[PDB]
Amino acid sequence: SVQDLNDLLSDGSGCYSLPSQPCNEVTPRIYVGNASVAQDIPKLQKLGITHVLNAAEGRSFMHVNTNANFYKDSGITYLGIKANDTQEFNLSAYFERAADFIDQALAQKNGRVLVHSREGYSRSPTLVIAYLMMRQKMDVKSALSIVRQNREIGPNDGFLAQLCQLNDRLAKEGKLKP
């Protein structure tokens, strides 16, 4: 249940927590951070991050108006996604597209990918989390926990609900790994 997830994320019933800091590699080679890092290029360099996935692409108060050419000639491969951190959102419409990029990302041998959003708390962890499930055979309670353990995160219940569905596509296709 999404409730099953809420509790993984809280600290009892009720308290989710917030990022003690702007960027955290939540899994080897894969980093989840916020707007600033994304827009602080000499850091992405020292971080040796080579790919960006802006999962909150746009110009509203809840988006990062970065874009391809913004990353041109510091040579960082870019991929944008105009998502909305609201329960309505079907972020689960970009799972493949995203995972497919994270995979190409990792394939280089010194490949480091920064999946990010505004706060690096919902839209972002969500993609990343979905990549572990269909790409590392992990069940939902699992990826959440790794990711969660590595960064303080909190996806909206819609996004939560989207992952569970994902869980049973996989689980019932025997794509899991119990």
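Counting begins at 1, following the sequence as shown.
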Exercise for the section: Pick between 2 to 10 and 167 to 175: the one whose mean CA B-factor in the entry is higher. Expected result: 2 to 10
Exercise for the section: State which stretch shows the higher mean Cα B factor in the entry: 74 to 82 or 89 to 97. Expected result: 74 to 82
Completion exercise
From the entry's CA B-factor values, the highest among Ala130, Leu144, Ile30, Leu47 is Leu47
Problem - Residue of maximum C-alpha B factor among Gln149, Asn69, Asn54, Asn34, per deposited coordinates - result: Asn69
Exercise for the section: Would you mind checking where the Cα B-factor of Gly58 ranks among the modelled residues of its chain, as the lowest, middle or highest third? Expected result: highest
Handout entry: Relative C-alpha B-factor of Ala38, binned into the chain's lowest, middle or highest third
Key = highest
Exercise for the section: Would you check the entry's CA temperature factor for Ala161 and let me know if it's in the chain's lowest, middle or highest third? Expected result: middle
Handout entry: Among modelled residues of the same chain, the CA temperature factor third for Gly111
Key = middle
